[PDB]
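Participant: Below you'll find the sequence and an experimental structure to go with it.
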Amino acid sequence: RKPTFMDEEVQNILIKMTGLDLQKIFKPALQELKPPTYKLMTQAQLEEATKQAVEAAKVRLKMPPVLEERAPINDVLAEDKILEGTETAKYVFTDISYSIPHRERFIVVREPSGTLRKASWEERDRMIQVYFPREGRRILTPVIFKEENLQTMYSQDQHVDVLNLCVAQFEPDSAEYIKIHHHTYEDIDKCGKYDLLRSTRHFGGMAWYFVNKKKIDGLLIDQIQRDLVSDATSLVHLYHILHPXXXXXXXXXXXXXXXXXXXXXXXXXXXXXXXXXXXXXXXXXXXXXXXX
Amino acid sequence: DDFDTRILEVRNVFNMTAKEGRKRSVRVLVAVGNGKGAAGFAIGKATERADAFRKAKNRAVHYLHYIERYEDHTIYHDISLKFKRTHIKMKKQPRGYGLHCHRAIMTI
């Protein structure tokens, strides 16, 4: 099999899971304001404008690429011991050529050890950040990523901000990227805060890290408490796509499946707290018989 | 108790009285408003200036305008208004931009 974030199934399911909130999507920002523009519109013009909005919001909503980790690259291009005796501190040679993709750039070093070594990954990146300055990035790593500052920013319920900080500062395949994204997911999980990142472009990372951590708990609980059935549906659907062969998957699939049967059979076959699911999956159910 | 008053212009004004020679009056132009959008102004004039401050106060509560504010700070749309040899022009700002005006107009 071959499941990954960029597969159409996973994509369309994660877009539907995420949701369009035009209020949280487009929200007041702290930038210097300008005076507001006004125009009179028809019902038609307002509808077309609304769709225009939704279209543009999607682009805002596009998921940040998730990727696996990079391995350290250690290779020496040459050695002359004669140079070693110069006892000069490290030299860093970057190529700046405007045509090149930044993974195709050549970044090299000569140490006092008289050897020609290629740049490490972090090194390589802070180099490109020097000569190709890109906004939001510090060239020396920003303090806020220490555990104290992390907890401080979590308290303030700012988690979207942190995850927006790493997208800009680090690289998606980096070590730190993964450490911070994942640790941050752990926080929203233990705090049950999942609805934060809901209309965010960050939702895809929520879904994935959890399906692959196999804790679907808080998201299912929340979804049923938020009165969203279809999302819990497509979510179990997802755990079945990223876990095709397991008791729960093949059994609760091939026996039969729909909202009630698949959500409750995956509520029985995922035991983290199945008592939680079964409780809430009753409550929503009850709240239907009263509303209908 | 809600109405603040500010003195816009105090001025020493004179006249010619057959008896007295010059005769000195004080005239103050004064505005009043509660901050809630209704406000006005009046003129008042008396021999002793204290008296005139009083007079303008009371007369000014008698002329109030309701001034309609957008989202309760700015004006609604730009206003370019020529009134008797004086042109007034005012642009509608967003929120962080406090009161950039002729000192009188700030007061008002």
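Facilitator: Structure's in. What do you need? Numbering: from 1, shown residues only, chains lettered A, B, ... in the order given.

Participant: helix, strand or coil for residue B:45?
Facilitator: strand (DSSP: H, G, I helix; E, B strand; the rest coil).

Participant: Can you give me the neighbour number for it?
Facilitator: Neighbours of residue B:45 under the rule other CB atoms under 10 Å in any protein chain shown: 16. To be clear about C-beta, it is placed using only N, CA and C from the backbone, and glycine gets the same treatment.

Participant: That one and residue B:54 touch, don't they?
Facilitator: No: with contact defined as CB atoms under 8 Å, residue B:45 does not count as touching residue B:54 (11.2 Å).

Participant: Determine the number of other residues adjacent to residue B:6.
Facilitator: 13.

Participant: so what's residue A:67 up against?
Facilitator: A:172, A:173 (CB atoms under 8 Å, 6 or more residues apart in numbering or on different chains).

Participant: From chain B, how far out is it?
Facilitator: 40 Å (CB to the nearest CB, to the nearest Å).

Participant: Doesn't that residue lie inside a strand?
Facilitator: No: in this structure, residue A:67 is coil, not part of a strand, as judged by three-state DSSP.

Participant: Tell me the residues of chain B that contact chain A?
Facilitator: For chain B, the residues in contact with chain A (CB under 8 Å from any CB of the partner chain) are B:77, B:91, B:92, B:93, B:94, B:95, B:96, B:97.

Participant: residue ranges of the strands in the chain, please?
Facilitator: With no chain named, the answer covers chain A. Under the criterion DSSP state E, chain A carries strands at the ranges A:76-79, A:91-94, A:107-110, A:115-118.

Participant: my bad, chain B
Facilitator: B:4-17, B:21-33, B:38-46, B:65-66, B:79-83, B:86-90.

Participant: how about the ones you listed in JSON lines, adding distance to residue A:238?
Facilitator: Formatted as JSON lines, the strands of chain B follow (distance: least, CB to CB, whole Å):
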{"stretch": "strand B:4-17", "distance to residue A:238": "63"}
{"stretch": "strand B:21-33", "distance to residue A:238": "61"}
{"stretch": "strand B:38-46", "distance to residue A:238": "60"}
{"stretch": "strand B:65-66", "distance to residue A:238": "58"}
{"stretch": "strand B:79-83", "distance to residue A:238": "57"}
{"stretch": "strand B:86-90", "distance to residue A:238": "57"}
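
Participant: ok, for residue A:153, nearest residue in space, not its chain neighbours?
Facilitator: residue A:162 (5.6 Å; CB to CB, 6 or more residues apart in numbering or on different chains).

Participant: wait, that neighbour sits on residue A:150?
Facilitator: Yes: in this structure, residue A:162 is within contact of residue A:150 by CB under 8 Å, at 7.3 Å.

Participant: Enumerate the residues of chain A near chain B.
Facilitator: Going by CB under 8 Å from any CB, the residues of chain A near chain B are A:32, A:33, A:34, A:35, A:36, A:38.

Participant: Out of the residues you listed, which is nearest to residue B:17?
Facilitator: residue A:35 (54.2 Å; CB to CB).

Participant: give the contact list for the closest one.
Facilitator: With CB under 8 Å, 6+ apart, residue A:35 has these contacts: B:91, B:92, B:93, B:94.

Participant: and the gap between residue A:223 and chain B?
Facilitator: 36 Å.

Participant: Look up how far residue A:236 lies from that residue.
Facilitator: 10 Å (CB to CB, to the nearest Å).

Participant: Need the nearest residue in space to the residue of chain B found nearest chain A, chain neighbours excluded.
Facilitator: Chain B approaches chain A most closely through residue B:94 (3.7 Å), counting by CB to the nearest CB. Counting by CB to CB, 6+ apart, the nearest residue to residue B:94 once its immediate chain neighbours are dropped is residue A:33, at 3.7 Å.

Participant: so who does the one you found touch?
Facilitator: B:94, B:95, B:96, B:97.

Participant: now these: which count as buried?
Facilitator: Taking 16 or more other CB atoms under 10 Å in any protein chain shown as the criterion, nothing in the contacts of residue A:33 is buried.

Participant: That concludes my questions; thank you for your assistance.
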